[PDB]
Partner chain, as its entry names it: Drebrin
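Here you get one chain, nothing else, as structure tokens; it is the form solved without the partner chain.
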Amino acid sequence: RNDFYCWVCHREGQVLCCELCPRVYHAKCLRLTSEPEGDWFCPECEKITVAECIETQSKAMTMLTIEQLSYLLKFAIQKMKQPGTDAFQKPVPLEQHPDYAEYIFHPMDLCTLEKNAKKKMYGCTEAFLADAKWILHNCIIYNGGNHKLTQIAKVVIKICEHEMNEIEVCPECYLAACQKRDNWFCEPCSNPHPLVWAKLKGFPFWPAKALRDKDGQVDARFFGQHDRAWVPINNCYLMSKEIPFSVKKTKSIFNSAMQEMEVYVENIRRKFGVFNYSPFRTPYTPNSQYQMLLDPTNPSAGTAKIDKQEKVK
């Protein structure tokens, strides 16, 4: 059955109906410049359709099957199920709230979300977050926008958004961080992340993995502490033997990071055959392939990796 409360503001009124799902919307809540006539599809449905289309699907979805994604969604559910989330763990019982179904036409809870994931119902990360949001919408309608339970539901949805974002950055890094095997941070991914010297304003130059490029910034993951930051691309150099020196407080902390970085380099050499160090102060470039070159003085010769047509798992 179609909902009666706007998906955006959670209030009743004159609302448009989606043809594909039970969601309804005030026209003004979607800043709709005009009125749709017939066969309207809502923004949640339209975002899911383009994320599930092979021609427009994300980098992460190109490397995952539906079954593989369902395994990562199970770990995301564990992160959402924090201490204090009891009210959202099981379906709301009619024995405690007999008027619940007069207001809530589409119930949702963490156990149902978990069961749906195990049954392979979600074809993209966007679909899991869209379904999870029914928990927050339902809580606002029944309990009210200022209730203590609404505050808890908002955090549950913010955790869901962060976990979906992390899967999209790199599913292999996500899986390694979830399992936490010995020296998981040093495990190379199938398309290995470039190693750089990264300088964040106010901090010493430090070794890091480069996970993404966006608007002139690099998503750096630092060796040692495993913390993260967006760093300007002009403050990043390809890894070299000579170190870009910075005045530091504790020697041993920098030492542990350099030691961990050398374990990562050895893992790359064992798996792909090579690791090319660069001359001092060589700028990092987006999606750099330098470290994998057969001959770093002849880039047109391409990668050292031998293609054995292996099904990667």
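Positions refer to the first chain, counted from 1.
What comes next is about the form solved in complex with the partner chain, which does not appear here.
_the partner chain in the entry with it bound reached by all of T85, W184 and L200, non-hydrogen atom within 4.5 Å_ = Affirmative, all three are within 4.5 Å.
*Heavy atoms, 4.5 Å, the partner chain in the entry with it bound: which of 53-61, 37-45, 252-260, 280-288 makes the cut? Say which one.*
It is 252-260 that comes within 4.5 Å of the partner.
*Of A101, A229, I243, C189, which one comes within 4.5 Å of the partner chain in the entry with it bound, counting heavy atoms only?*
Result of the distance check: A229.
*asked:* Please identify the residue among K90, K115, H106, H162 with any heavy atom within 4.5 Å of the partner chain in the entry with it bound.
replied: In short, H162.
_Close approach of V155 to the partner chain in the entry with it bound, 4.5 Å, heavy atom_ = It does: once the partner chain is placed as it appears in the entry with it bound, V155 has a heavy atom within 4.5 Å of it.
*Using the partner position in the entry with it bound, report whether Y174 sits within 4.5 Å of the partner chain, counting heavy atoms only.*
So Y174 does not count as contacting the partner chain.
*Using a 4.5 Å heavy atom cut-off, state whether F222 contacts the partner chain in the entry with it bound.*
Within the cut-off, so yes.
*Spell out, yes or no, whether the shortest heavy atom distance between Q151 and the partner chain in the entry with it bound is within 4.5 Å.*
Output for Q151 is yes: heavy atoms within 4.5 Å of the partner chain.
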